[PDB]
C-alpha cells in the first residue's frame, strides 16, 4: 500500500504562462513517480473556492481566486512512496525567496504569489484534492516497466 500513495500537483497560471509545464512534469517523472492522471483546465471560481476552502474569509481570498482564474492550470496526480512529502520537497518552500537551488521554486520563482505550482500538504489533503479535480474514471491504472528497479521487493 505504501507505493500506492498519491498526491495532487497543479501548475498554476503563472507556470503555464512561463512555459514551465514540461519542467514540473520532469521533476516527478525522472524521480520514478508514476503519472496517473493529467488534464489542462480552466476551472471556474466555485471549484477553486473549494480547493482553497481552508483560506475562505481571509482578506486576500478574493484576489487569490481571481488570480487563479486568470489563465489555465495543469492538474496532475502522481503515485509512489512518500510522494506527498517528496513532492513538496521538490517544489521547494512556499516562498521562493526561501527555496533552495535545485527546487522548482528556487530555480524559477521570486514572489510567493507567483510560485508556479501547488502540491498537497498531507495525504488527507491529497485525497480531497484528487477527488475534487478528477473523477475516478480519469485516474489511469498502470504498472511501470521500471517498477522492480525503482522499488525494492
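Residue numbers count along the first chain shown, from 1.
On average the C-alpha atoms of 58-66 have higher B-factors than those of the other stretch, with 115-123 and 58-66 being the two compared.
The mean C-alpha temperature factor is higher for 47-55 when 102-110 and 47-55 are set side by side. Sorting the modelled residues of the chain by their CA temperature factor places residue 14 in the lowest third. For residue 130, the recorded CA temperature factor ranks within the middle third of the chain's modelled residues. Sort the modelled residues of the chain by CA B factor and residue 42 lands in the middle third.
Residue 94 sits in the highest third of its chain by CA B factor, as recorded in the PDB entry.
Residue 140: CA B factor in the highest third of modelled residues in this chain (values from the PDB entry).
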